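# Descriptive structure summary
Chain by chain, the residues run as shown.
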Amino acid sequence: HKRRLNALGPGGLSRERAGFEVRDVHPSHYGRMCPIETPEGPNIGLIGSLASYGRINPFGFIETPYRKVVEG
Amino acid sequence: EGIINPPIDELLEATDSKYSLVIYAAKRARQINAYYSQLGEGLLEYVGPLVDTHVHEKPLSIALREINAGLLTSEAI
Amino acid sequence: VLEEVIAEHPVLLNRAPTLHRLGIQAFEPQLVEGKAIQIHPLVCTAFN
Amino acid sequence: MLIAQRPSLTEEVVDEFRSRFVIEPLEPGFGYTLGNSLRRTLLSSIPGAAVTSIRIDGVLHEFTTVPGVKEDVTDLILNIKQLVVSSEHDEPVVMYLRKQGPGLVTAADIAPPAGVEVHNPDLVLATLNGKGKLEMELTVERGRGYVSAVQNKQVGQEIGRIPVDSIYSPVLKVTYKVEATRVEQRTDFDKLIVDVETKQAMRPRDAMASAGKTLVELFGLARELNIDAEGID
Amino acid sequence: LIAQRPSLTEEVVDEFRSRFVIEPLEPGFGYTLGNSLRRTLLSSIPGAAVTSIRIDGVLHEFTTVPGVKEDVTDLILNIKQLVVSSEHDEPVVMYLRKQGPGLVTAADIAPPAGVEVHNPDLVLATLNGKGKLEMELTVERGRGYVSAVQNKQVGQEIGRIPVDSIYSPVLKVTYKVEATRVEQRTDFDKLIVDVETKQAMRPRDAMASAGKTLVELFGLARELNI
Amino acid sequence: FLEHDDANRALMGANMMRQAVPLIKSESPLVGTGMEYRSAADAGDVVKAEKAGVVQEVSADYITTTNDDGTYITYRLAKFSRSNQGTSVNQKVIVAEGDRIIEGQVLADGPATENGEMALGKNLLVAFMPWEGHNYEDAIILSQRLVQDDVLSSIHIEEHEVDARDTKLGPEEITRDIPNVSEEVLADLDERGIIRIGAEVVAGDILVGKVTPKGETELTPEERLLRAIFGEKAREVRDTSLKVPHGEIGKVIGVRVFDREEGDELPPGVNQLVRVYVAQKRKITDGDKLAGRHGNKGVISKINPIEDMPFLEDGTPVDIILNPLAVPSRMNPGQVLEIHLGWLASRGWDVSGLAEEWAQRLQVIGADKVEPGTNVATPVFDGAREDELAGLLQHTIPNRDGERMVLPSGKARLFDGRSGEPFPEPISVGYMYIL
Amino acid sequence: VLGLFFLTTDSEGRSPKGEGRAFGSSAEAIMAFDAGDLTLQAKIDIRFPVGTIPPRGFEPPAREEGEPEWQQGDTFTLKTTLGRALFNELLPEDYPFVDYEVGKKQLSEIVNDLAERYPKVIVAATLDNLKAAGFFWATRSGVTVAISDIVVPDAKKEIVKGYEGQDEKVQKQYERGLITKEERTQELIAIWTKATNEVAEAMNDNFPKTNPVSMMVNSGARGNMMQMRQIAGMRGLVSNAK
RNA sequence: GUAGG
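Residues numbered from 1 in each chain as written, not as in the entry; some residues may be left out. Chains lettered and ligands numbered in written order. Part of a larger assembly, values for the part shown. Heavy atoms only, no water.

Determination of this PDB entry was carried out by cryo-EM to a resolution of 3.7 Å, according to the record.

Below you can see the structure in the form of structure tokens.
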């Protein structure tokens, strides 16, 4: 409950404003939002848990760590 | 000793309809039930259960049993 | 007294979506301990 | 401690050979032990007697055809094992058969020897075309339960002789079912219904009496360890 | 054809585990006999157990006593599996008392005459120096498992609390069948039953009890006909 | 074993772990990823130390510790406090008296925890086989040993309150003197009119006795005659006492009272408030839902006796039975793998100098020697392969009489319980975590 | 339906011990089965007492005799399995014999026939007998799921690595710009569709009919072969977003 | 509002 991110709220994507595109997963939700757990009810894909290693940017974006690889 | 105790097919053939049967059995059951609720005023128009009766029972089962035995009859006005 | 009185009296079981007319079906009741209805497997697929 | 209500076996008869038997309410979880043990013991423990080998005149074991009879050997084996006998010699005995002319040899045409009897004579055995030519000789011996037909080298002794499946059990089948019942507001009671289909040789109740005595002995064997009491009725 | 009556022999593998052999059984007969013996040896055996208790300064099983590091429900769970042997038909009373730092154990229980506890090493709880525990126990006899709710017979005594109890001493019984060395087509089977039971009683006694029940019930099946 | 499961079934499984309820006693998973410890410690429910000291006195109500600096800290463990959803929040104590402490170490469990490791359920023995139609269309069959040992049992606390509001006609009174009731119903009530602590209640009982100030009464002629004949007085005050709700049972554990004229402040108008707790111990019974971690869920359908369960060769019964028809259709093969590994965790494995590929992998990883009962960790995507499971099954430690009860295929021979004869072919058996 | 199919199944469903014998009647068959020599799946000769209507297609054939014989209503011997005899005993006596697999379609067909040609109470009674017998024999079947029950085909790795080699060659020839990206994607679709179809065929050939999954998918109980394909074979092409 | 169907 603490970590969940909700797209529903004031000045945002409401229940009836939902579409096919927003709900589905995106190639960018990798290490920033787990694609598996979401409510399986009508509000499918409008709620999502934060990734395991996720972190917040001061602006409000989500970052993820990556190990640095050099010369193979 | 069950809801399906009288097989339906015999009832259907005598009645000729799946709806005429229910209306006719229900009218007979109403008459029997009101007779059992007479409590002694003894109206002559009412009649008792033709077939023997248990100490506890529902009038509709007795009605359907009479239909299967065929002792009753119906006549549309 | 309850076990005596329920018999030869049909009760209509029904499921919520009730897509087609097999959604509501009559049964002859029967007492049983616990707090969960018991239903006949064969008719289960008709209700979905 | 004591069981609330004692059971009481009783009998319902639908036919002179088929019968059904009900045990009045019994402790929860006790129906299945009784049902399965009774089925097994009735099916095997009860003794009896039946044929063990048959011999056809002028026929080889590989030669399945028998001259003078429209019927084959396979149906003949079926018919003879279908027949019932009653013997008490406790050793092999030989029964004979020699009939000629056309017609139908049945189980009323048998001539058992002393101490061996065929309870029912009404089985039709063989229909003959032309000359009967029928001559058979078989062996009878008491046994227990069921024994499948197995070679015993008698074919080398006499080519005509072959084993036949033997049914020493005087009963044919037993089917037991346990169903719940409600007593004193409580539904945790079970009634055992045993359906015994035996042949006309023995009455089913006598067979069950013998079975019950066998089980009583076999489980009273356990009492030798020590003496203990359990609440009953 | 061959007639051979059952004959029993016994053997001990541990103190409270044992193996019993019945050799001459019929074909397809060892399994059924073993299953019947197992079912009756697990279902119905007399035994003794605690059925209700009473803590001083407690009104319900949910609270926590001072001095213990386990609440009352934990103590119920710890006492439930306590095994007791009782000879009195009527209920009997035990009392537990402990003070100071240590660990209360079944060995500490005060035994009335004719009632015994068979697992002294079992630890019930533990106490610190400031702690104090005082308790009453009602011990009864029966067979099987009875829930606390059926046991409860006294609304008025708020302090008394019922506990579910499991009287039967048996743990587990398993049977195996073999093929007789005799040269017969029937291939008779030798039944061998391994029984292991709680510390209450010797298995031999339990099997004898099982035999009593079975022979009584089979005789009931038999006598009424003919 | 998440990689094996489908997407939908892992979705359902994750959605279900949030709905588990804590039990009377918790036990950590024998098979499960190695991260549960962190997800337990970081959660607030556990009670972890904040100094690296030594414990002096341990008691259920409170644990007292002292640091080397000299600060004495005593932590209060919550007992049976109602949670938001209505479940107990009991906390147990782990640390012994003389044990040392490093900062941050867990000192007490929360709900659904054991040694600081998450535990939402219990690990049962399970076999896959249809059984008389009592597990038809996802249903579940399990022994009565669960009901007998309180393996699956949960406390539940209901809180209900009443307010001695004041109205236009006058003030309400909470009191023992209730009108137009028998004397017996007012048996557990205190003189103040509040039920006692520990007095069991049932549907229709009386908890706190409140009476309305007055209602405008215009008595009917029949009531007047009955009263005159019986010589009773229909007094203006009316009973409006709180009763236990229908279908609710329990034993009262706690009652709290707030009063206006006392220092405590209440909303305007109300003179007194009384809240009462009723706490019961619900055991697993027919109709209760049950589910595992891989999206396999069903309602209990029958609790058969202990003997009727098909018992393995040594005599151990199987605690739960699951339909196999679900597994290929629902595409969640992982549950099957887990079961075998679960068995492997119950009886330990010994592998030294075997020199096979999986043997070498286990030796380098360090998971070569294990004793029975020790847990195992298979991270979500670094989990064990099938060759390792097969090799371990081939080399399980002997449990009794120097034999392995499970075949190398992973199945075992099950004797029937009711009939008594062995089943035709071996069946798959092992341990599974159930919530 | 799994139980019924396990009942009226052709041989090889197990090792057919003691096949080919002739038995006096069904009763002796069950006694032999209890003895353990016979198997529920084994072609044997069975007699039937009077009153047993013979198979629908058996009406033309009959026994051999010089006198008129009406086998529509009297004794006759057939070659069948014991389980077929039990299954026919479940159905009403007036109903002719059946000597084929029931599965899911044929069972629906005979149920439709019963519902058409019989009163209702009889239909309900036979449905209940079928329920009880099916549950019991499904219990007896012993179907399960375990690690070794689902085995990947051995040929999978070779064929898939060959197709990987071909794909690598096409990627190499794309790296030189000889083929456009859109065209490269188009041919990769074709080749991998071929590869997944081929592995599906190989998996279908591998699995016997006694495997627990094959039993519960073939019988019509529950399941479809694509789910099996992606359980034991490579899942293959997956649609991207949008 | 959020869960289960």
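This brings us to the overall build of chain B. For chain B, the helix and strand inventory stands at 3 helices and 0 strands. Along its sequence from the N terminus, chain B presents helices and strands in the succession α-α-α. By the compact-globule yardstick of 11 Å for 77 residues, chain B fits well, its C-alpha radius of gyration being 13 Å. Dimensions of chain B, computed from C-alpha atoms along their principal axes, come out at roughly 35 × 35 × 15 Å. Buried residues in chain B amount to 23% of all 77 residues. Considering only residue pairs separated by 6 or more positions, chain B has 47% of its internal contacts joining residues 24 or more positions apart. Accessible surface, chain B: about 5,700 Å² in total, of which carbon and sulfur atoms supply 58%. Charge centroids of chain B, computed over 6 positive and 11 negative side chains, lie 7 Å from each other. (Helix = DSSP H or I, 4+ residues; strand = E, 2+ residues; numbered from the N terminus. Rg over C-alpha atoms; globule rule 2.2 N^0.38 Å. Buried < 20%, exposed > 50% of the residue type's maximum accessible area, 1.4 Å probe, protein only. Contact = heavy atoms within 4.5 Å. Areas by Shrake-Rupley, 256 points an atom, 1.4 Å probe, with all protein chains shown as cover. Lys, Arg positive; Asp, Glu negative; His and termini not counted. Charge placed at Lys NZ, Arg CZ, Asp CG, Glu CD.)

A few words now on the protein's contact with RNA strand H. Residues in close proximity to RNA strand H total 13 residues, the closest being A:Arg4, A:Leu8, A:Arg15, F:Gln19 and F:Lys297. A distance of 3.0 Å separates a phosphate oxygen of RNA strand H from a polar side-chain atom of A:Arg15. When its residues are assigned to classes, the surface near RNA strand H shows 3 nonpolar, 3 polar and 7 charged. (Near = heavy atom within 4 Å. Polar contact = N/O pair within 3.5 Å; in protein donor to acceptor, adjacent residues only side chain to side chain. Nonpolar A, V, L, I, M, F, W, Y, C, P; charged D, E, K, R; others polar.)

This part covers the packing of aromatic side chains. Applying the stated rule across the entire model yields 16 aromatic pairs over all chains. With a centroid separation of 6.4 Å and 40 degrees between ring planes, the pair formed by G:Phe33 and G:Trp137 is classed as tilted. Of this pair, G:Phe33 sits in helix α2 (residues 26–35) while G:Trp137 sits in helix α5 (residues 120–141), and the two are 104 residues apart along the sequence. You can call G:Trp137 buried: its relative accessible area is 12%. Site record: aromatic cluster; members linked through ring pairs are E:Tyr31, E:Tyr175, F:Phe311 and F:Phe415. The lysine or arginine in question, F:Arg347, covers the ring of F:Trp343, its NZ or CZ lying 3.9 Å from the ring centre. The side chain of G:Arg184 reaches across the aromatic face of G:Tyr174, ending 4.9 Å from its centre. (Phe/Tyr/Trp six-rings, centres within 6.5 Å; stacked < 30°, edge-to-face > 60°. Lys NZ or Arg CZ within 6 Å of the ring centre and 35° of its normal.)

So, on to the interface of chain E and chain D. Between chain E and chain D, the residue contacts involve 42 residues of the former and 43 residues of the latter. Between chain E and chain D, the buried area comes to about 4,400 Å², and carbon and sulfur atoms account for 69% of it. Among the residues of chain E in contact with chain D, E:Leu1, E:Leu217 and E:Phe218 are the three that bury the most area, contributing 16% of the side total. The interface formed by chain E and chain D holds 2 salt bridges in total. Note that D:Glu230 is salt-bridged to E:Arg143, the shortest N-O span being 3.3 Å. Our count for the chain E to chain D interface comes out at 8 residue pairs in polar contact. Listing elements by their share of the side of chain E that touches chain D, those giving two or more residues are β2 (17–25), α1 (30–43), β7 (132–142) and α4 (203–223) of chain E. Of all the elements, α4(E) adds the most residues to the side of chain E that touches chain D, at 17 residues. (Buried area = accessible area lost by both parts, 1.4 Å probe. Salt bridge = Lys/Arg side-chain N within 4 Å of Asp/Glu carboxyl O.)

Glancing now at unusual backbone geometry. All names here are of chain F. Phi is positive for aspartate 150, which is not a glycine, with a value near 55 degrees. In this model, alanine 355 sits at a positive phi of 80 degrees, which is unusual for a non-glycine residue. Its location among the elements puts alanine 355 in the loop between α6 (334–346) and α7 (357–365). Take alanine 355: its relative accessible area is 49%, and that puts it in the partly exposed class.

With that settled, the discussion passes to a nonpolar patch on the surface. Residue and element names in this part refer to chain B. Taken together, the side chains of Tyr35, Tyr36, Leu43 and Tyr46 make up a nonpolar region of the molecular surface, amounting to roughly 370 Å² of accessible area. Looking at where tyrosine 46 falls in the secondary structure, it is placed in the loop between α2 (20–36) and α3 (59–69). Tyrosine 46 sits in the partly exposed class, given a relative accessible area of 32%. (Patch = residues over 30% accessible without salt bridge, like charges linked within 9 Å, V, L, I, M, F, W, Y side chains within 5 Å.)

Glancing now at the sheet that holds strand β11 (residues 170–177) of chain E. Residues and elements named next belong to chain E. Pairing in this open sheet of 4 strands is antiparallel, and the strands run β1-β2-β12-β11 from one edge to the other. Sheet topology places β1 (8–12) and β11 at the edges, where each strand pairs with a single neighbour. Strand-to-strand, the axes of this sheet are offset by a mean angle of 20 degrees, without reference to chain direction. Of the strand pairs in this sheet, β1 and β2 are connected by 5 bridges, and their pairing is antiparallel. Paired with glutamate 11 across the two strands is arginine 19, which belongs to β2. Helix-sheet contacts for α4 involve β1, β2, β11 and β12 (189–197), and the interaxial angle to β2 is about 45 degrees. (Pairing = 2+ DSSP bridges. Axes fitted to C-alpha atoms, helices over the stretch in contact; angles between N-to-C directions.)

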